[PDB]
2 protein chains.
Amino acid sequence: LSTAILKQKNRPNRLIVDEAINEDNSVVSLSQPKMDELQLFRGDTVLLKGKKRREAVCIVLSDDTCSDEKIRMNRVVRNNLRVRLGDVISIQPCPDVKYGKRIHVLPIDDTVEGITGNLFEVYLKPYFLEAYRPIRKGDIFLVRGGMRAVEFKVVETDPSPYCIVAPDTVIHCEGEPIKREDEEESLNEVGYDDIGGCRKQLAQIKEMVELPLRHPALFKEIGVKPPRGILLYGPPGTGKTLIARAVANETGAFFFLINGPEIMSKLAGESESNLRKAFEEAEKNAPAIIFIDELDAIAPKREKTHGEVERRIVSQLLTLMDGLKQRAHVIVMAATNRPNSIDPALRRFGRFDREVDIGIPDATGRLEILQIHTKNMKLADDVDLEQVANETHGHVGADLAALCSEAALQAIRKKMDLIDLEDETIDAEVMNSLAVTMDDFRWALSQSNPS
Amino acid sequence: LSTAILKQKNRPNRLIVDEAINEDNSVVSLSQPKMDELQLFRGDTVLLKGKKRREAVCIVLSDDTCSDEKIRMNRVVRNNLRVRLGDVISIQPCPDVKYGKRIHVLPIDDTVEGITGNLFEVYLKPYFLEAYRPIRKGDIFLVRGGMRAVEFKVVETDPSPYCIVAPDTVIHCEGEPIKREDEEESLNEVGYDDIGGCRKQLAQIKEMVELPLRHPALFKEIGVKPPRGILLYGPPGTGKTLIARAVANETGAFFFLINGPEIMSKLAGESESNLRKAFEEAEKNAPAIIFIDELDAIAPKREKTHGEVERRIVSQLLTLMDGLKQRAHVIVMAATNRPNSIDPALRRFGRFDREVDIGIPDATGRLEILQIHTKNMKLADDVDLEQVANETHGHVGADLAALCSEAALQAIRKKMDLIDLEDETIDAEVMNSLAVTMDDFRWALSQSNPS
Ligand SMILES: Nc1ncnc2c1ncn2[C@@H]1O[C@H](COP(=O)(O)OP(=O)(O)OP(O)(O)=S)[C@@H](O)[C@H]1O
Ligand SMILES: Nc1ncnc2c1ncn2[C@@H]1O[C@H](COP(=O)(O)OP(=O)(O)OP(O)(O)=S)[C@@H](O)[C@H]1O
Ligand SMILES: [Mg+2]
Ligand SMILES: [Mg+2]
């Protein structure tokens, strides 16, 4: 009703992700009845939009067994789009794709332990030979070559970001293997889906930041000026910084982050430069979102604050906030867990003149969060999160995370007589046996604390 | 039960140290029934792991008189491994040992007072001649040559850290004699064993620092992120810094120590360089443990703190804590006796978000400590430590240490009419007669104080 901006719409080319029949990386299945509706001929190269602004490039074919409003893609494609089966994507005609000049690709470290021989020969040459594949920068794809299957990451393409791999395309694969861990962290980067029990506020954020920038005309037409300062506040640890993350990854805009404690670590005047530098960067690349985390760290009450350089910054900022022209298309967001200690001049109209309170979550919120956290954890069947949810009164997002981390340990703890700290490697059986029992949770629960 | 990580395991090659029959430095005795179990042929050169990450290299032979799960080594070997008879070690096959190019070895100062003649000729040449001995860098070994026995330290080896001493090996022994005192301090470097009444906490430390680094996969598998900030706290003098020591010596990781009072002694900005420098060093050499002692000295409440450079450091630190990437493999440990005065921003989730309280010890703890302290003291038979333990309620580690020191003096005091301060040297008889009587303790006890 006021969460309207969130419920996404039934549209011609929003299709649910179904498991692939055809097993190929560059292939996507569609119903014939649909392919026509979207004016898409066979073997056309298409553009796919996923989550957290991820993009994939594929070739399209008709599947008899595929529902109209569904689409098939393999796990490699589901990965580049950052979607689980059952999610929904944008399909778009990608007509002006140009042939590939040169591409640089590296293998992942934990997929090359063993023989080198020749990676191009054994793996890449065949996978690409006479294929004419579409690929995007930052694609991770798998190639099987006889005995092994190896994962490669598209480091660079000419032309960026996408090109077709033709016979003329020079393929460079020399370099240091990509580290798995880095690409783990990359998958794990935060989306909107990763924040729980904030639907109401998430709504407001999109309504005040995402909307005014994506469709500035709605405000033009209706004849009102969007607000340009949004201040999130909340009792410590309620995913304020966490949202800061989501937005960065999820936004359409050029995003610039400012960390109060990090600004204040700089030499006198060296911070003022950075403050301007940020606001200048944001204008230069507008539409933009500047985000200030731990605002209170740089904006205490000028009256009540002791150091001299220290007031200069509050003044410095105020000036910039005010120095934002109408035509600028910049929304300044910021966040604190101590709103009341921030200099009131900054909460005056035309500055940070909108607040989004990010409070304690209620019973169902906790349940939401608990789900989001455990989504990649090994849990026993006997684990009831609804129970946890109910028993965790007054916990916040960070309290819950801690809880999970604690039970996980307790679980690891129950294997601690079987294992010695000293051992070079761990018995591979036990490793697989490891899971968080509901009992583990009850222990963690018995240990929990105020926010 | 939750101290599980501590109880070490029965394993194929954990053997108890029994006194040697064969008296040679490079020799280790094993039961034949065992030697087979571990696929170890006679005259094979093995690797031995002791305490505080000490290592020894030997040649292995079968002893008929030696128990299966026992091993014989001389005191010279017991010394390089830093173990008393009755302790337990790792034995490991060391197959790829290379022949020695060049070795540099110096004698100990208090073992060479007298004739030089030629140390290589009299001592080293024969001890090594046609022997083909395995040696490690930092081994201390004893050589008898006619009238005297002399101790040598392995200063350098090529190749480091171990090599076999063949006839081709060039042996250099020129230089300044090693000072006994330094090597006394080296033996004395604190282990885990040296801390008493903290089993519960010791457990947590290994569980949060040692474990996440030695076996990062247990967390990977179970799908949870280990915490990266551990804050020890306790009433003054409870072996917080003492544990800082143990961990350094005992850990597998690269260890970097930061002393709050020492950071704060630096010029403005000179500290900020050191702070970064430390965090950079730790990343460069990961996995690593950064330890901050007397944290409260550098992290007072920014709000409540007066100097300007002073806040800049809290900000400076916070930034770095946060600037730690996931792939970094660094755990920041720190310690204070005044937790409540530390800026709360540092105890937020993802910073110092785990605490280990290092409280007063109970009756048995005191007894533990008293034992650890007196382990190298001259005590009369009439001395009952259980008594002391019971009578010392409310003492902490440092209180107990003081007590011992005080009684020791009282003992020295009882010789003070026999001795005059003026004398150039002390009557050698009385020296040997000196011991701490239980009465001495009762005096020290009568003088004791709150923590
Ligand atoms: N609403 C939430 N949904 C899911 N996870 C959360 C939520 N809130 C907190 N968490 C977890 O707790 C961690 C800390 O959250 P942050 O966003 O850093 O807290 P914060 O609100 O910024 O705290 P302050 O005010 O800076 S002390 C996050 O990395 C999440 O893992
Ligand atoms: N748990 C303990 N076990 C054995 N000895 C201890 C213990 N605690 C203290 N001691 C002795 O007392 C000395 C002082 O201990 P420290 O570790 O320096 O105290 P601390 O807890 O760091 O005190 P603060 O907080 O810096 S005043 C150590 O060098 C030990 O000799
Ligand atoms: Mg935050
Ligand atoms: Mg100390």
# chains A, B, ... in the order shown; residues from 1 in each chain; ligands from 1
>>> residues_near_ligand(ligand="ligand 3", cutoff="7 Å", atoms="only C-alpha atoms and all ligand atoms", output="PyMOL selection string")
chain A and resi 237+240-241+293-294
>>> write_last_selection(atoms="N, CA and C atoms", output="compact mmCIF listing (two decimals), in the first residue's frame")
# COMPACT_ATOMS: atom_id res chain seq x y z
N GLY A 237 23.92 -1.40 15.60
CA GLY A 237 24.00 -2.72 14.98
C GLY A 237 22.76 -3.20 14.26
N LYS A 240 22.52 -0.55 9.45
CA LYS A 240 22.67 0.77 8.83
C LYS A 240 23.83 0.70 7.81
N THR A 241 25.02 0.35 8.28
CA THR A 241 26.16 0.13 7.39
C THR A 241 25.82 -0.98 6.41
N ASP A 293 29.03 7.20 6.51
CA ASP A 293 28.81 6.25 7.59
C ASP A 293 29.43 6.77 8.88
N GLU A 294 28.71 6.57 9.98
CA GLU A 294 29.09 7.08 11.29
C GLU A 294 29.21 8.61 11.28
>>> calpha_fit_rmsd(fixed="chain B", moving="chain A")
0.5 Å
>>> residues_around(residues="residue 315 of chain B", least_positions_apart="6", cutoff="12 Å", atoms="only C-alpha atoms", output="ChimeraX atom specification")
/A:259-267,294,297-298 /B:272,275,298-303,308-309,321-322,343,345-346
>>> write_last_selection(atoms="C-alpha atoms", output="compact mmCIF listing (two decimals), in the first residue's frame")
# COMPACT_ATOMS: atom_id res chain seq x y z
CA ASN A 259 33.61 6.86 6.64
CA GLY A 260 33.53 9.40 9.48
CA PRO A 261 36.15 7.60 11.59
CA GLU A 262 38.30 7.38 8.44
CA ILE A 263 37.94 11.03 7.52
CA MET A 264 38.92 11.99 11.07
CA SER A 265 42.08 9.88 10.90
CA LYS A 266 43.50 12.31 8.32
CA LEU A 267 45.86 15.23 9.03
CA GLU A 294 29.09 7.08 11.29
CA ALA A 297 32.05 11.02 14.02
CA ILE A 298 32.47 14.13 11.84
CA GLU B 272 49.94 6.77 12.93
CA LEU B 275 49.92 1.81 13.49
CA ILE B 298 45.39 4.37 22.75
CA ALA B 299 41.61 3.97 22.62
CA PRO B 300 39.93 6.18 25.21
CA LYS B 301 36.40 7.41 24.53
CA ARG B 302 36.84 9.93 21.67
CA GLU B 303 34.02 11.97 23.22
CA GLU B 308 43.43 16.34 19.21
CA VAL B 309 46.16 13.99 17.96
CA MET B 321 40.23 -2.60 11.97
CA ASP B 322 37.54 -1.97 9.36
CA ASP B 343 35.62 3.85 23.00
CA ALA B 345 32.82 2.05 18.58
CA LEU B 346 35.66 -0.46 18.88
>>> residues_near_ligand(ligand="ligand 4", cutoff="12 Å", atoms="only C-alpha atoms and all ligand atoms", output="PDB file with C-alpha atoms, in the first residue's frame")
ATOM      1  CA  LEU B 232      40.896  -9.749  26.886  1.00  0.00           C
ATOM      2  CA  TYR B 233      40.030  -7.881  30.064  1.00  0.00           C
ATOM      3  CA  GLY B 234      40.598  -8.407  33.779  1.00  0.00           C
ATOM      4  CA  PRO B 235      41.286  -6.859  37.151  1.00  0.00           C
ATOM      5  CA  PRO B 236      44.907  -5.643  37.098  1.00  0.00           C
ATOM      6  CA  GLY B 237      47.666  -8.241  37.046  1.00  0.00           C
ATOM      7  CA  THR B 238      45.908 -11.411  35.893  1.00  0.00           C
ATOM      8  CA  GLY B 239      48.362 -12.493  33.184  1.00  0.00           C
ATOM      9  CA  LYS B 240      46.801 -10.643  30.268  1.00  0.00           C
ATOM     10  CA  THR B 241      50.281  -9.491  29.085  1.00  0.00           C
ATOM     11  CA  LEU B 242      51.489 -12.869  30.234  1.00  0.00           C
ATOM     12  CA  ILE B 243      49.236 -14.572  27.714  1.00  0.00           C
ATOM     13  CA  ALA B 244      50.281 -12.073  25.059  1.00  0.00           C
ATOM     14  CA  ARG B 245      53.725 -13.588  25.661  1.00  0.00           C
ATOM     15  CA  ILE B 258      51.738  -3.192  19.824  1.00  0.00           C
ATOM     16  CA  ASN B 259      52.200  -1.529  23.233  1.00  0.00           C
ATOM     17  CA  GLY B 260      49.717   1.302  23.813  1.00  0.00           C
ATOM     18  CA  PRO B 261      51.974   3.226  26.196  1.00  0.00           C
ATOM     19  CA  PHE B 291      48.375  -7.976  19.677  1.00  0.00           C
ATOM     20  CA  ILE B 292      47.616  -4.652  21.353  1.00  0.00           C
ATOM     21  CA  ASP B 293      48.641  -4.453  25.017  1.00  0.00           C
ATOM     22  CA  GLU B 294      47.110  -1.800  27.270  1.00  0.00           C
ATOM     23  CA  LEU B 295      44.628  -0.945  24.531  1.00  0.00           C
ATOM     24  CA  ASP B 296      42.919   1.621  26.739  1.00  0.00           C
ATOM     25  CA  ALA B 297      46.115   3.674  26.437  1.00  0.00           C
ATOM     26  CA  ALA B 334      44.105  -6.798  22.598  1.00  0.00           C
ATOM     27  CA  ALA B 335      43.930  -6.366  26.365  1.00  0.00           C
ATOM     28  CA  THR B 336      42.976  -3.875  29.082  1.00  0.00           C
ATOM     29  CA  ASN B 337      42.245  -3.819  32.809  1.00  0.00           C
ATOM     30  CA  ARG B 338      39.738  -1.007  32.277  1.00  0.00           C
ATOM     31  CA  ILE B 358      40.511 -13.024  32.652  1.00  0.00           C
ATOM     32  CA  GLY B 397      48.836 -14.044  39.522  1.00  0.00           C
ATOM     33  CA  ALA B 398      50.932 -10.962  40.241  1.00  0.00           C
TER      34      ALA B 398
END
>>> atom_distance(atom1="atom CA of residue 54 of chain B", atom2="atom CA of residue 80 of chain B")
6.8 Å
